[PDB]
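The data below hold one chain only, encoded as structure tokens and taken in the form deposited in one PDB entry.
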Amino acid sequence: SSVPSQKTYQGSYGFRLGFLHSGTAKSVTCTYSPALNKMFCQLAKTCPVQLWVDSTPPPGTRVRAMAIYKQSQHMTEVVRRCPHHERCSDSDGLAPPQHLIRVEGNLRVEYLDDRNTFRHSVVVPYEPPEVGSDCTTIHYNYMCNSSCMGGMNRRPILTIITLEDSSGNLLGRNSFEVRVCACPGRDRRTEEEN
């Protein structure tokens, strides 16, 4: 009956999200707009999300991703994939077919179907940035366009990224809007106009 929280929480470790400086040139697979806090991508393409931190969390920390609908009319509905893409055989062997968000290139990935909320989420172990770099980068995949009727059906969503400890207590939260579409460039410069 309740809704996950979108409220930002930099917490004790100074948790903040980052994105690549990709432009809106045509045929761009995934691009982020700072002014709208909205990422634009196309199905199954890698969307890099980097995690920026002021104080490195202890080992055993986890990074969870979860989608919610943005409009208050639909926030109580679970964000799941269309029927066409659930039965679509696009599974990598690690992700259950109903989940909308996936993580690629991480064998330690796990998918949760919450037995009380019935909301999907995907979580990886937190690891500090690679030696020489400054931030932890995660590659997400969205497995269904927002335009998909029978699933999202034109309803904008947000992705919530949270840091939690071994037992799942909140250490940090951040959020950003997401549109999965065919032309993320033209559709970005469009939404930026209005």
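We number the residues from 1 along the sequence you see. Only residues modelled in both forms are compared. Whichever C-alpha set is largest while still superposing within 1.5 Å between the two forms counts as the rigid core.
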Task: 103-111 versus 72-80 - greater average Cα B-factor per the deposited record - done: 72-80
Task: 87-95 set against 116-124, stretch whose average Cα temperature factor tops the other in the entry - done: 87-95
TODO: Pick out which of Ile161, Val28, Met39, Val53 has the highest C-alpha B-factor in the PDB entry.
DONE: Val28
Task: Out of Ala67, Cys47, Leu43, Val131, highest CA B-factor residue - done: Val131
Task: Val178 by Cα B-factor - lowest, middle or highest third of the modelled chain - done: middle
Open item on the list: Using the temperature factors of the C-alpha atoms in this entry, rank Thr24 within its chain: lowest, middle or highest third.
Closed with: highest
Open item on the list: Is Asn141 in the lowest, middle or highest third of its chain when residues are ranked by C-alpha B-factor?
Closed with: lowest
- [ ] Determine, from the deposited record, the chain-internal third of the Cα B-factor for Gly18: lowest, middle or highest.
- [x] middle
Open item on the list: Considering every modelled residue of the chain and its Cα B-factor in the PDB entry, is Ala35 in the lowest, middle or highest third?
Closed with: highest
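Another form, the form solved in complex with a partner chain, is not on view; read the next lines as being about it.
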Open item on the list: I'd like to check something about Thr159: if you look in the bound PDB entry, is any of its heavy atoms closer than or equal to 4.5 Å to a heavy atom of the partner chain?
Closed with: no
TODO: With the rigid core held as the fitting reference, name the runs of three or more adjacent residues whose C-alpha atoms all move by 2 angstroms or more between the shown form and the other one.
DONE: 167-169
